[PDB]
Student: 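My questions will all concern the structure given below.
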Number of protein chains: 2
Amino acid sequence: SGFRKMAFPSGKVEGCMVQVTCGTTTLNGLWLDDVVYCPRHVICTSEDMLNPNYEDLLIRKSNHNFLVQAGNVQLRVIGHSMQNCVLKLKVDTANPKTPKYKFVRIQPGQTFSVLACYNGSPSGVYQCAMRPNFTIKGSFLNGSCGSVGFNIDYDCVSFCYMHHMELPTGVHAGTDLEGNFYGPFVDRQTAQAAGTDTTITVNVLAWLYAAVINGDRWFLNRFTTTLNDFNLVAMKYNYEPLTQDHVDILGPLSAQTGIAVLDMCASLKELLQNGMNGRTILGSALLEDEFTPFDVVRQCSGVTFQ
Amino acid sequence: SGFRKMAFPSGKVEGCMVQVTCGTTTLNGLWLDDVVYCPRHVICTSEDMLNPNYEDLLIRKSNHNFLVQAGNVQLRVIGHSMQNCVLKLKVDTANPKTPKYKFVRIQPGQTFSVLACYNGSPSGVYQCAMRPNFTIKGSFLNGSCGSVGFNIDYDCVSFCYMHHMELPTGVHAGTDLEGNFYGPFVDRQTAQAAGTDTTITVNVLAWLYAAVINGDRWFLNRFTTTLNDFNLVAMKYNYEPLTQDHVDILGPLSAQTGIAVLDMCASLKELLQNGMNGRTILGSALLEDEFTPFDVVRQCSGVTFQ
Ligand SMILES: *[C@@](O)(c1nc(-c2ccccc2)cs1)[C@H](C[C@@H]1CCNC1=O)NC(=O)[C@@H]1Cc2ccccc2CN1C(=O)[C@@H](NC(=O)C(F)(F)F)C(C)(C)C
Ligand SMILES: *[C@@](O)(c1nc(-c2ccccc2)cs1)[C@H](C[C@@H]1CCNC1=O)NC(=O)[C@@H]1Cc2ccccc2CN1C(=O)[C@@H](NC(=O)C(F)(F)F)C(C)(C)C
């Protein structure tokens, strides 16, 4: 029993974190085999924020202008290249702690664990979601750039995020591990801001299923809804449209609980229209949207990782 | 910016988790140097739940009745002893991944990270608090016994919890790493239940300070209170008494924000009497009590671990 915002065990990622310095600028890098991946703005100074020409800044650098430190060991850089908004630094030593890994680009609504790091050293781990507006509500300070987000499947670390920017509302923007930003964001100091965000409907439904699995039914009702009528209500409350693909993805949770997906949609419709009336669900007074259907199955079934 | 329920990086603990089997019973153990620590009920069957005599059950076992598996390597047990509610199994191999560590017994209101494990394999990590009633609101299923809770300081893992039991309300009971239960709980199937719980006042105040550090002041007011008058209100709302020691512990957060502790108490008094009026604090519609003053300083200052 119980239901927590649970992150993946972080050890496999901790063994990959290093510190990268170019001049007076320092941030984190990810060391896999003989390559260190880091944000390309490591080559910027405070004077290179408004419109850096990264190609022109980088051509002026040599391999020896990059210092990479793994724990208390210096790794010599023997090559470098820029890919989108990341820099790949070839080093003289393959990381002996490299896990089985992949790079993946996630869709909005998917969750991942963040290992927040400073100066190449891990500080903490937490779970979060790619918002529909392609920001993440992270917890990051100066020097966290290059911290990564990931999921683990069996024994394989799937890296999905590398941290770059904080936006004016205090939320965060970053890239996949190939250096492509999520959303419209750029690595320059422009007036860019988070767009309007929405609530991740399929995830709210997954979490209502979690609540039923854990023994709570107070919020259910005797009604059903059509998918189209539900989405008319969802739109009014700034919820993402629920697609037939989402309904299919909720199939396993529906089967385990005996509550049809559209019946759970009718429960959610009533919670949106009426509120919770002083009650809580899984310890929250708000409808939680940072658990995916897979996250619920994983945590209610005790899945482990090799 | 941002503020998340952040756990410690778990790698140092992952390297210590093993599987212990006695007969058909399996659970997790913690392997440090040449000793494996696990719950003593590994020696119980389903028929030994109502009132096991652990001394009589254990004297009937030999070292070879215990199977310890680290990954896919068997560790031979060469001695055993019972200490309180834990069993210490001496094994033929010292764990080469043993971190710097301590055992500590925590006070109610202190937080820690849990590495939930099944069959010796880590599944996830989350943060939680020792409640005033000496339960934890964990997320644990059959087979999670022997999972541990911990804090990290510099390079030292301080283990503070080992999981044993689930109570009827779905909360959890366990021991320190010397095998002494927190609270009045026992490792037998009796009618024991969680006592009435209270909210951890000093932690709510710490989290209001976190909210101010991150740029939100909506809930402040122009009033102050005496400590005694605040505690009269706290008692009515089922909050723990605030002591002068707690006021002292909040000193650093008070100094950083310029808000006197008793002024923050007057803010909290008004939030208890009036509610939030549809507003949120750090993304929550409830007053959060599972961050300590140290947790706030750690997360707002970017402390890392060696
Ligand atoms: C990340 O740790 C690091 N950034 C640097 C850096 C910054 C400027 C020049 C050279 C090197 C070294 S470490 C940091 C994390 C961020 C700070 C506060 N919380 C965070 O999550 N990232 C930045 O400071 C980025 C990097 C960057 C690249 C190119 C141009 C400008 C910047 C500044 N920056 C920002 O996040 C700024 N945000 C914006 O400009 C935005 F809103 F996105 F448009 C700001 C205003 C410094 C937070
Ligand atoms: C823990 O993973 C494991 N328990 C065993 C075990 C159980 C009985 C006999 C032999 C071995 C192997 S692994 C498990 C975790 C717990 C289950 C559900 N969620 C959880 O967190 N712990 C138990 O099942 C404990 C162990 C125990 C020891 C001695 C006597 C009885 C038990 C049963 N037990 C309980 O937690 C029970 N709870 C109570 O009896 C209580 F409410 F505390 F009084 C129950 C009813 C099985 C959950």
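Each chain gets a letter, A, B and so on, in the order the sequences are listed, and its residues count up from 1.
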Student: Check for me whether the distance between the ring centres of B:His164 and B:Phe181 falls short of 6.0 Å.
Tutor: yes
Student: Are the side chain of A:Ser301 and the backbone N or O of A:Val297 linked by a donor-acceptor pair below 3.5 Å?
Tutor: yes
Student: Counting N and O atoms only, with roles assigned by atom type, does the side chain of A:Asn28 sit under 3.5 Å from a partner on the main chain of A:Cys145, one being a donor and the other an acceptor?
Tutor: yes
Student: Does A:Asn95 offer a backbone N or O that forms a donor-acceptor pair with the side chain of A:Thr98 under 3.5 Å?
Tutor: yes
Student: Does a salt bridge link A:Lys97 with A:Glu14, judged by any charged N lying under 4.0 Å from a carboxylate O?
Tutor: no
Student: Show the nearest heavy-atom pair for residues B:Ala194 and B:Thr169, with the distance to one decimal.
Tutor: CB-OG1, 4.1 Å
Student: I'd like to know if the side chain of A:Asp248 and the backbone of A:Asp245 have a donor-acceptor N/O pair within less than 3.5 Å.
Tutor: no
Student: Let me see the working for A:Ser147 and A:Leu115 under side-chain contact (heavy atoms from CB on, under 4.5 Å), right down to the final yes or no.
Tutor: CA-CA 6 Å; A:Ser147 292; A:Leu115 181 68; over 6 Å; no
Student: Passes side-chain contact (heavy atoms from CB on, under 4.5 Å), B:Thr199 versus B:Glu240? Steps please.
Tutor: CA-CA 6 Å; B:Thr199 301; B:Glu240 280 289 285; over 6 Å; no
Student: Show, in sequence, the C-alpha distance, side-chain angles and deciding distance for B:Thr304 and A:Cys117, and conclude whether the side-chain contact (heavy atoms from CB on, under 4.5 Å) test is met.
Tutor: CA-CA 7 Å; B:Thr304 56; A:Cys117 299; over 6 Å; no
Student: Distance-only, no hydrogens or angles: does the B:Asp289 side chain make a donor-acceptor pair with backbone N or O of B:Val204 under 3.5 Å?
Tutor: no
Student: With the side chain counted from C-beta on, respond yes when A:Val157 and A:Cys16 share a heavy-atom pair under 4.5 Å apart, and no when they do not.
Tutor: no
Student: Evaluate B:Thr135 against B:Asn133 for side chain to side chain donor-acceptor pair (under 3.5 Å), listing each step before the verdict.
Tutor: CA-CA 6 Å; B:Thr135 68; B:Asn133 70 0; 2.7 Å; yes
Student: Does a side-chain heavy-atom distance below 4.5 Å link A:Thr111 with A:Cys128?
Tutor: no
Student: B:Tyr37 and ring pair (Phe, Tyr, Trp, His ring centres under 6.0 Å): which single residue from B:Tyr101, B:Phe103, B:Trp31 fits?
Tutor: B:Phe103
Student: Looking at A:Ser254 and A:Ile259, would you say the former's side chain and the latter's main chain have a donor-acceptor pair under 3.5 Å?
Tutor: yes
Student: With side chains defined as the heavy atoms from C-beta onward, is the minimum distance between B:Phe159 and B:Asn151 less than 4.5 Å?
Tutor: no
Student: Heavy-atom distance under 4.5 Å between the side chains of B:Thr26 and B:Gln19, does that happen here?
Tutor: yes
Student: Output the distance between atom CE (A:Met162) and atom CG (A:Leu177), rounded to the nearest 0.5 Å.
Tutor: 5.5 Å
Student: Please answer whether the main-chain N or O of A:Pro293 pairs with a side-chain N or O of A:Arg298 as donor and acceptor at a distance below 3.5 Å.
Tutor: no
Student: To the nearest 0.5 Å, what is the distance between CG (B:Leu208) and CD (B:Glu288)?
Tutor: 10.5 Å
Student: In this structure, is the centre-to-centre distance between the rings of A:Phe112 and A:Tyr126 below 6.0 Å?
Tutor: no
Student: For a 4.5 angstrom cut-off between non-hydrogen side-chain atoms, does A:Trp218 reach A:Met276?
Tutor: yes
Student: Looking at every non-hydrogen atom in both residues, tell me the closest pair between B:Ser10 and A:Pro9 and how far apart they are.
Tutor: OG-CA, 3.4 Å
Student: Looking just at side-chain N and O atoms, do B:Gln299 and A:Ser139 make a donor-acceptor pair shorter than 3.5 Å?
Tutor: yes
Student: Could you grab the distance from atom OG1 of A:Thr280 to atom CG of A:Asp216, nearest 0.5 Å is fine?
Tutor: 7.5 Å
Student: Which value, rounded to the nearest 0.5 Å, describes the distance between B:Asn180 atom CG and B:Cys85 atom SG?
Tutor: 7.5 Å
Student: Which pair of heavy atoms, one from A:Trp207 and one from A:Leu286, lies closest together, and at what distance?
Tutor: CH2-O, 3.4 Å
Student: Can you find a pair of side-chain heavy atoms, one from A:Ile200 and one from A:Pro132, that are under 4.5 Å apart?
Tutor: yes
Student: Check whether B:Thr25 reaches the backbone of B:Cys44 with its side chain - one donor and one acceptor, N or O, closer than 3.5 Å.
Tutor: yes
Student: If you look at every heavy atom in B:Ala211 and B:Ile281, which pair is closest and at what distance?
Tutor: CB-CG2, 3.6 Å
Student: B:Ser1 vs A:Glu166, test: side chain to side chain donor-acceptor pair (under 3.5 Å). Steps then yes/no.
Tutor: CA-CA 8 Å; B:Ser1 303; A:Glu166 183 167 293; 2.7 Å; yes
Student: First locate atom SG of B:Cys300, then atom CG of B:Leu253, and finally report the distance between them rounded to the nearest 0.5 Å.
Tutor: 7.5 Å
Student: For B:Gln127 and B:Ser113, what are the C-alpha separation, side-chain angles and deciding distance, and is it a side chain to side chain donor-acceptor pair (under 3.5 Å)?
Tutor: CA-CA 4 Å; B:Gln127 194 79 346; B:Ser113 300; 2.7 Å; yes
Student: Cation-pi between A:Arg131 and A:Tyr182: NZ/CZ under 6.0 Å from ring centre and within 45° of the ring axis?
Tutor: no
Student: Classify the angle between the aromatic ring planes of A:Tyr161 and A:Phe140 as parallel (below 30°), tilted (30 to 60°) or perpendicular (above 60°).
Tutor: parallel
Student: Whether the side chain of A:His163 engages the backbone of A:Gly146 through a donor-acceptor N/O pair (distance < 3.5 Å, no angle test) should be reported.
Tutor: no
Student: If you take all heavy atoms of B:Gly109 and B:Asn203, which pair is closest and at what distance?
Tutor: O-ND2, 3.1 Å
Student: At their closest point, which heavy atom of B:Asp197 faces which heavy atom of B:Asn238, and how far apart are they?
Tutor: O-ND2, 2.7 Å
Student: Compute the centroid of each ring, for A:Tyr154 and then for A:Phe305, and state whether the two points are separated by less than 6.0 Å.
Tutor: no
Student: Do B:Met49 and B:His41 come within less than 4.5 Å of each other through their side chains, counting heavy atoms only?
Tutor: no
Student: Below 4.5 Å, heavy atoms only, C-beta onward: do A:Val125 and B:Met6 meet side chain to side chain?
Tutor: no
Student: Please determine whether side-chain contact (heavy atoms from CB on, under 4.5 Å) holds for the pair A:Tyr237 and A:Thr201, giving the CA-CA distance in whole Å, both sets of side-chain angles, and the decisive distance to 0.1 Å.
Tutor: CA-CA 10 Å; A:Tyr237 289 90; A:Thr201 308; over 6 Å; no
Student: Report yes or no: is the cationic atom of A:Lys5 (NZ for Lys, CZ for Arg) closer than 6.0 Å to the six-membered ring centre of A:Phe291, at no more than 45° off its axis?
Tutor: yes
Student: Quick one: does any side-chain atom of A:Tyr118 pair with a main-chain N or O of A:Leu141 as donor and acceptor, under 3.5 Å?
Tutor: yes
